[PDB]
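Letter by letter, the sequence shown follows residues 6 to 198, 204 to 255, 259 to 264, 266 to 300, 307 to 332, 339 to 373, 377 to 406, 410 to 438, 451 to 481 of PDB author numbering.
What follows is a set of notes on a single structure, which appears directly below.
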Amino acid sequence: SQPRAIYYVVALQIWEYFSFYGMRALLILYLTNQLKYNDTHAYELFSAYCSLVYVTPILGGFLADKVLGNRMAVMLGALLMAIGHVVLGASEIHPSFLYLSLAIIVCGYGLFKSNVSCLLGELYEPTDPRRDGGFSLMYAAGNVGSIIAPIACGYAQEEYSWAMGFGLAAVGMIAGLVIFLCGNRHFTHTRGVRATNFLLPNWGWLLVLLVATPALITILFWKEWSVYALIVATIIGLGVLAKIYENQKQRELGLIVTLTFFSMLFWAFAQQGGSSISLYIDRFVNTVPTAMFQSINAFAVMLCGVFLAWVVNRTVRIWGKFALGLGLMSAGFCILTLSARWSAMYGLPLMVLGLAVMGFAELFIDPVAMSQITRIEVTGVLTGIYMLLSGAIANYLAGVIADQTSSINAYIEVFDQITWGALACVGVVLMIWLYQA
């Protein structure tokens, strides 16, 4: 019972999410298994990917805020992502096509994330009730594609080849793109730039897309450089946060810093969960295995979300929310660590449980880091810095935790340790807002 363009953006979200998360499902697995790549190199690449995927939407999603509009930069984000996924099928020739494909998709996603959010944002007026139902349709559609994808790319891989899998990701994105580009009625009117800021006609934008691509290619390629470009972006975000420290009297600011810190540690555990458990899985297992477990992440998230919207102070709220998210990440890793050491050491689906509780909490925290940002004291920037630290830094940290994993005894080492550590985060949170009350 919504407008036309909403069904469109919904379908494009389901197919884009399908593609991306199916690929990222196969990513670390493929990377170790048919590569020639050892564990740690694969961890640095995968990490690098996930992390930059969280970085580019800043500069990328802005390209549609200023010169391009939210019509063009989404179809561009989607084209970049499609071609990236396709070149990512041909990756088996040379250590080129890999970083090529990955940079094309980091660029594409870089556009598409914030561009599609702002694009749906440009449809409804500040009257429509159906606005919220459309964004919750974005939630649910995206997450449905999230449970569907790794089982689709999964059953596509092993009974055919990695080719059919990654090309199924590409094909999914292609169908999402066909679905979007078919027709009209979308808006945001991309225009306005005619030639030079400093020598900056279209040549500047060609240069921007092209050159952004190998700037990303060799960063995943050298991968030493990978770590450092974040450190660049990091001194940037921190210097800016520091600038944000206008007067205004009272400023939830530093306690939002507190937020983005605890959510950073959180996402380190969550993403590293994704990769380390992705490899751990096929190596120790008590119909297809492997990459289809990211589907139980997505599915636990959907269960918990369905029950969340089914259920319904800046003190009691944030207290409980963060302490519960952290608490269940920890518990998930306790049940997971005891899944590994019970499956083996003295004799597992309880690992499925561990993941399910990891999603179970994923639900719980970071609406609150995001609610608190929109509610601040401008707003759109704060969530950029947040997405930087929390998204990026936590994905590279996820990568490091992974490095420090790479047998079953080491895996158990890191899982147990991050259970007591996630729990340390919980405790500190509990203490904090208990003392707030």
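A virtual CB, placed ideally from N, CA and C, is assigned to each residue, including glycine.
- Between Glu457 and the set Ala424, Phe359, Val413, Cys158, the nearest pair of CA atoms involves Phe359.
- The region 31-48 makes contact with the region 285-295: 3 or more CB pairs, one atom from each, lie closer than 8 Å.
- Short of 7 Å from the beta carbon of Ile361, and not among the five residues preceding or following it, lie these beta carbons of its own chain, in chain order: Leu379, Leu382, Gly383, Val386.
- In the DSSP assignment, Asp137 falls within the unbroken alpha helix (DSSP H) covering 135-162.
- Taking a C-beta distance under 7 Å as the contact criterion, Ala10 and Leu128 qualify as a contact pair.
- For the 7 Å CB-CB criterion, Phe393 and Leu421 do not form a contact.
- C-alpha of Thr411 to C-alpha of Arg136: approximately 20 Å in a straight line.
- In this structure, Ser24 lies near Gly177, with their beta-carbon atoms less than 7 Å apart.
- If you draw a straight line from the Cα of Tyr59 to the Cα of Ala205, it comes to about 31 Å.
- With contacts defined as CB atoms closer than 7 Å, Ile110 and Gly89 qualify as a contacting pair.
- Pairwise C-beta distances place the region 90-108 in contact with the region 163-181, as three or more of them are shorter than 8 Å.
- Nearest to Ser451 by C-alpha distance, out of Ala366, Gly465, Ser356, is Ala366.
- In the DSSP annotation of this structure, the continuous segment of the alpha helix (DSSP H) that includes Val183 starts and ends at 167-186.
- Spanning the alpha carbons of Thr272 and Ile241 requires a straight line of approximately 20 Å.
- Minimum Cα-Cα distance from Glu164 among the listed residues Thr307, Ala145, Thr193 corresponds to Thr307.
- Residue nearest to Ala357 within the set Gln401, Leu142, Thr463 is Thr463 (criterion: CA-CA distance).
- Non-local C-beta neighbours of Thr37 in its own chain, meaning closer than 8 Å and more than five positions away in sequence, comprise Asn43, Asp44, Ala47, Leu293, ordered along the chain.
- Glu127: not part of any alpha helix (DSSP H); DSSP gives it neither H nor E.
- Here DSSP, grouped into helix, strand and coil, assigns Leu414 to helix.
- If you check the CB distance, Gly150 and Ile246 do not come in under 7 Å.
- Residue environment for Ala318: buried (at least 16 other C-beta atoms within 10 angstroms of its C-beta).
- Counting the other CB atoms within 10 Å of its CB gives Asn120 a total of 16 or more, which places it among the buried residues.
- Within its own chain, the residues whose Cβ lies closer than 6 Å to the Cβ of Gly65, once the five positions on either side in sequence are excluded, are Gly115, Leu116, listed in chain order.
- Relative to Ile425, the option among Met77, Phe275, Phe102 whose CA is nearest is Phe275.
- The beta carbon of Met322 sits closer than 7 Å to the beta carbons of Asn148, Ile152 from its chain, once the five residues preceding and following it are set aside; these are given in chain order.
- Here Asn339 is exposed, its C-beta having fewer than 16 other C-beta atoms within 10 Å.
- Taking the C-beta atoms as reference points, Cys324 is found no nearer than 7 Å to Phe280.
- Collapsing the DSSP output to three states places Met80 in a helix.
- In this structure, the beta-carbon distance from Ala239 to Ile229 falls below 7 Å.
- DSSP places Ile109 in the helix class (H, G or I) of the three-state scheme.
- Between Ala95 and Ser315, the alpha-carbon positions lie close to 25 Å from each other.
- DSSP places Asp395 outside both helix and strand once states are collapsed to three, so it counts as coil.
- With fewer than 16 neighbouring CB atoms inside 10 Å of its own CB, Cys187 falls in the exposed class.
- Between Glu234 and the set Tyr104, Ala252, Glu49, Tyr418, the nearest pair of CA atoms involves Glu49.
- The beta-carbon distance between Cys112 and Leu216, rounded to whole angstroms, is 13 Å. This is too long to meet the 8 Å contact definition.
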